[PDB]
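In what follows, a structure is listed as structure tokens, so that the remarks can point back to it.
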Amino acid sequence: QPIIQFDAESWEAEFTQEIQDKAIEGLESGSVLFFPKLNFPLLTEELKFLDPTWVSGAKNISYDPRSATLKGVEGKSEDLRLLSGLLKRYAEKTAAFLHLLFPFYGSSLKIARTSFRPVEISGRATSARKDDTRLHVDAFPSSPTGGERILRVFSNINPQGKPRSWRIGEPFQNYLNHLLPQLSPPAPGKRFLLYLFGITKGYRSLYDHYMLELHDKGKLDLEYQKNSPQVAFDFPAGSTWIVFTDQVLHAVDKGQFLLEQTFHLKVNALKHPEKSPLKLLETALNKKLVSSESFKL
Ligand SMILES: [Cl-]
Ligand SMILES: [Co+2]
């Protein structure tokens, strides 16, 4: 069940336990949780930001709710204030929503960066590794996770009713298996140099190395990209969806105007830690893949 549909239409309403169970079981099983009627409205003063020209240097404007810092956009103070207010509101509403929906995670949900993506996808072209029209799990070379989960909330806020077209691939375990023969260890000492040189924020654990390998090699495997099991789904304007994007194989084909909020979650906070990419990889390679892993007995 690659996509599980939910009826909630409000960012603040509570959920029954039955729905909460459906959500956490589906999320940890690698399904997309889809809320077709959960729209994120914009203020009239914010409608002018539905314009790709606000991006100045990147493809995404980003906000850190922890430090209240806005990046990727230039402009006058009042416009940066309004744009910060938009992404701050998305951070607050998605954070509240996740705490209503996933009480099992308690305070282990750690907010990370917000993004606003106003560039139309179909006009994109880049290196194969960054080509997000290729199925992948998320792994960022500059930002290792140390095994923590990448949990994202997405909202399509296109004002012309245009959907956001995704493809959703096969289960992580199948992906990992398919690509395993292609995986290779890192060159001795290399990850330490990337850390020493500031190329990576923190140290790239073995887990992060292998997720990058999956990410990259998977994107370069053209036969896999063409022939592997995958479903195409259009997320309508005014909808929201929630995904462990380090686990759900995904790709975007077209669309414009997306709000996205990233959260991090430690593996030990999961209901079924054994379903995590970390544990699956540690089982497949029979080794500990993150060095400061808490030790248990
Ligand atoms: Cl529901
Ligand atoms: Co992605």
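Just so you know, ligand 1 is whichever comes first in the structure, and atom 1 is the first atom listed for that ligand. Heads up: numbering here begins at 1 and tracks the sequence.
- Geometry at the Co ion (ligand 2): NE2/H250 and NE2/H136 form an angle of 90°, nearest 10 degrees.
- At a cut-off of 2.8 Å, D132 is not counted among the residues with an N, O or S atom near the Co ion (ligand 2).
- No other N/O/S atom of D138 lies as close to the Co ion (ligand 2) as OD1 does.
- Aromatic ring centroids of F97 and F15 lie under 6.0 Å apart.
- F233 is linked by a side chain to side chain contact (heavy atoms under 4.5 Å, CB included) to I3, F34, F235, counting only residues two or more places apart in sequence or in another chain.
- For the pair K22 and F6, the cation-pi criterion (under 6.0 Å, within 45° of the ring axis) is fulfilled.
- Aromatic rings from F263 and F102 are positioned such that their centres are separated by 6.0 Å or more.
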